[PDB]
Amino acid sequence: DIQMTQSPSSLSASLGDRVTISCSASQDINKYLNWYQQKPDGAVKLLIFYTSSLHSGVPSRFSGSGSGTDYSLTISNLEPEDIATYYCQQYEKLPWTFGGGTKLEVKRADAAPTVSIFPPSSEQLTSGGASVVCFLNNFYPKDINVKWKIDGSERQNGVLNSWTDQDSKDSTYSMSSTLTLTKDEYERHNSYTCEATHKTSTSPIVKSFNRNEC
């Protein structure tokens, strides 16, 4: 199969900007290259075919160029509706193959996450389960790290993380981190701490609770 590479998977820009998304094939593909747009809601549409032809309905701010192995999709002036993921695709030879995608994101002033930690509910404990939940909300940029500690000691097993896609209204991101333990193991310790590392602070943002100070 021919391998298609989109070097940047995440591309930041400001509305009004000229944006360029690059794509390269593992071998000459003779301009047999198409570009697609997948919006945050999942809808996919064809934008450019045979390297540079615009599909019906597509506005002129989109253009495509290239030859050989290197291709580019340019958005002359970025509009809000263009925040989406873009994929290139070759048809030099079957099977058709797609690049890994380039998701556009909107730039905004850096913002530290609002961190909150929650002990397991009494209801959940009643079933022998114990999840400790930590929310890291409305931060920017998206890169962030969460560390858990039980009685001062870092804990890596039993942790599941989830990230939201960029918020359309305020351009921030949020993340959830949940540490699940059995009720006995949970009841076997006292301090539970959630630490967030993000560029907005050079010290971790820490949130904790003691199973017994309640």
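Just count from 1 along the sequence shown to find any residue number.
In this entry, 185 to 193 has the higher mean Cα B-factor, the comparison being between 44 to 52 and 185 to 193. Checked against the record, the higher mean CA B factor of 119 to 127 and 82 to 90 lies with 119 to 127. Comparing C-alpha B-factors across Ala25, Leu15, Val19, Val206 in the deposited entry, the largest value falls on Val206. For the set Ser67, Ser153, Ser171, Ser63, the PDB entry puts the maximum C-alpha B factor at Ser153. The PDB entry assigns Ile29 a C-alpha temperature factor belonging to the lowest third of its chain's modelled residues. In this PDB entry, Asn157 carries a Cα temperature factor that places it within the highest third of its chain's modelled residues.
Among the modelled residues of the chain, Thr178 sits in the middle third by CA temperature factor in this PDB entry.
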